[PDB]
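Take a look at the structure set out below.
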Amino acid sequence: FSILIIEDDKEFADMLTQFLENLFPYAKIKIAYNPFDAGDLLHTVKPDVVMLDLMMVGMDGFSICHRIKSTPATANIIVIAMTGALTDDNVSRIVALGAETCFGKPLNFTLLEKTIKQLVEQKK
């Protein structure tokens, strides 16, 4: 079981990674720290879940989400958006583009714990 984290904040990316390794001791968790690595690791890691930061510098997260969810090979990936300033327009947009949901920052890790476990199960 495989998770790809798209996130340019290193400290946060390592914390999210550690949290998700704690939660799923048998998953492989990978980080893409920049837009190219995000494009590349989409294919090479073959993730079941992507955690998508919508404020990564130099990439349009809305477009990336749309590309993931509308392409046959990647359509079944569970996409969870994350962003700093949540507005309801950004949430509505990301969700309509195929993300399951969108988390504001600082991330509510209690809600995330429940959410990601649910989504992983409701796929199987």
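By order of appearance in the structure tokens: chains A, B, ..., then residues from 1 within every chain, and ligands from 1 in the order shown.
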
Extract, using only C-alpha atoms, all DNA, RNA and protein residues at most 6 Å from range 59-74 of chain A, discarding same-chain residues fewer than 6 positions from it, and format them as a PDB file with N, CA and C atoms, in the first residue's frame.
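As a result, out14.pdb now contains:
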```
ATOM      1  N   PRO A  35       7.552  20.342  -7.910  1.00  0.00           N
ATOM      2  CA  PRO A  35       6.590  19.910  -8.941  1.00  0.00           C
ATOM      3  C   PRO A  35       7.044  18.789  -9.890  1.00  0.00           C
ATOM      4  N   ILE A  94     -11.545  22.292  -5.436  1.00  0.00           N
ATOM      5  CA  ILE A  94     -10.736  21.092  -5.348  1.00  0.00           C
ATOM      6  C   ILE A  94     -11.582  19.802  -5.284  1.00  0.00           C
ATOM      7  N   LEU A  97     -13.083  18.949  -8.620  1.00  0.00           N
ATOM      8  CA  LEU A  97     -12.006  18.420  -9.473  1.00  0.00           C
ATOM      9  C   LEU A  97     -11.576  16.989  -9.144  1.00  0.00           C
ATOM     10  N   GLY A  98     -12.177  16.391  -8.105  1.00  0.00           N
ATOM     11  CA  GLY A  98     -11.930  14.997  -7.773  1.00  0.00           C
ATOM     12  C   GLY A  98     -11.299  14.648  -6.424  1.00  0.00           C
TER      13      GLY A  98
END
```

> Residues of range 1-105 of chain A in strand (DSSP E or B) according to DSSP, as an MDAnalysis selection string?
Replying inline: chainID A and resid 2:6 28:32 49:53 78:83 101:104

>> Could you pull out the alpha helix (DSSP H) residues of range 1-111 of chain A, going by DSSP on the backbone, and write them as a PyMOL selection string?
In response: chain A and resi 10-23+35-44+61-69+88-96+109-111

Same residues, C-alpha atoms, saved as an mmCIF file, in the first residue's frame:
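Saved result, result.cif, follows:
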```
data_model
loop_
_atom_site.group_PDB
_atom_site.id
_atom_site.type_symbol
_atom_site.label_atom_id
_atom_site.label_comp_id
_atom_site.auth_asym_id
_atom_site.auth_seq_id
_atom_site.Cartn_x
_atom_site.Cartn_y
_atom_site.Cartn_z
ATOM 1 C CA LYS A 10 10.232 19.870 4.509
ATOM 2 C CA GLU A 11 9.520 19.886 8.271
ATOM 3 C CA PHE A 12 5.790 19.398 7.681
ATOM 4 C CA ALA A 13 6.384 16.743 4.987
ATOM 5 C CA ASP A 14 8.515 14.747 7.453
ATOM 6 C CA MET A 15 5.862 15.111 10.180
ATOM 7 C CA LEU A 16 3.003 14.028 7.903
ATOM 8 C CA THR A 17 5.206 11.134 6.724
ATOM 9 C CA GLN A 18 5.960 10.055 10.295
ATOM 10 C CA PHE A 19 2.303 10.320 11.284
ATOM 11 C CA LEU A 20 1.250 8.197 8.320
ATOM 12 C CA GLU A 21 4.008 5.593 8.973
ATOM 13 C CA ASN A 22 2.804 5.364 12.600
ATOM 14 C CA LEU A 23 -0.756 4.843 11.283
ATOM 15 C CA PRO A 35 6.590 19.910 -8.941
ATOM 16 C CA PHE A 36 8.808 17.716 -11.193
ATOM 17 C CA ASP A 37 9.230 15.075 -8.535
ATOM 18 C CA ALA A 38 5.430 15.211 -8.043
ATOM 19 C CA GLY A 39 4.895 14.496 -11.776
ATOM 20 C CA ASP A 40 7.559 11.826 -11.789
ATOM 21 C CA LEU A 41 6.689 10.020 -8.537
ATOM 22 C CA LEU A 42 3.004 9.851 -9.570
ATOM 23 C CA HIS A 43 4.181 7.166 -11.991
ATOM 24 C CA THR A 44 7.141 5.529 -10.230
ATOM 25 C CA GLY A 61 -2.727 21.942 -7.411
ATOM 26 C CA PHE A 62 -6.205 22.300 -8.919
ATOM 27 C CA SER A 63 -4.911 21.328 -12.348
ATOM 28 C CA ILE A 64 -2.770 18.471 -10.945
ATOM 29 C CA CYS A 65 -5.815 17.081 -9.074
ATOM 30 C CA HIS A 66 -7.914 17.289 -12.230
ATOM 31 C CA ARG A 67 -5.165 15.480 -14.224
ATOM 32 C CA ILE A 68 -4.927 12.704 -11.588
ATOM 33 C CA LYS A 69 -8.675 12.079 -11.323
ATOM 34 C CA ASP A 88 -15.039 27.707 0.492
ATOM 35 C CA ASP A 89 -14.354 28.517 -3.151
ATOM 36 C CA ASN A 90 -11.008 26.605 -2.949
ATOM 37 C CA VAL A 91 -12.612 23.639 -1.157
ATOM 38 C CA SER A 92 -15.555 23.574 -3.588
ATOM 39 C CA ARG A 93 -13.128 23.747 -6.551
ATOM 40 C CA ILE A 94 -10.736 21.092 -5.348
ATOM 41 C CA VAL A 95 -13.553 18.711 -4.414
ATOM 42 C CA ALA A 96 -15.344 19.242 -7.765
ATOM 43 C CA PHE A 109 -4.597 15.176 12.731
ATOM 44 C CA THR A 110 -7.526 13.606 14.683
ATOM 45 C CA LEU A 111 -9.834 14.214 11.728
#
```

> CA of residue 108 in chain A and CA of residue 2 in chain A, how far apart in Å?
Replying inline: 21.8 Å

> Using only C-alpha atoms, which residues sit within 9 Å of residue 50 in chain A once same-chain residues fewer than 5 positions away are excluded, as a list in words?
Replying inline: residues 2, 3, 4, 5, 6, 42, 77, 78, 79, 80 and 81 of chain A

>> Measuring between only C-alpha atoms, which one of A:8, A:84, A:33, A:121 shows the shortest distance to residue 104 in chain A?
In response: A:84

>> What does the structure give for the distance between CA of residue 52 in chain A and CA of residue 82 in chain A, in Å to one decimal?
In response: 5.8 Å
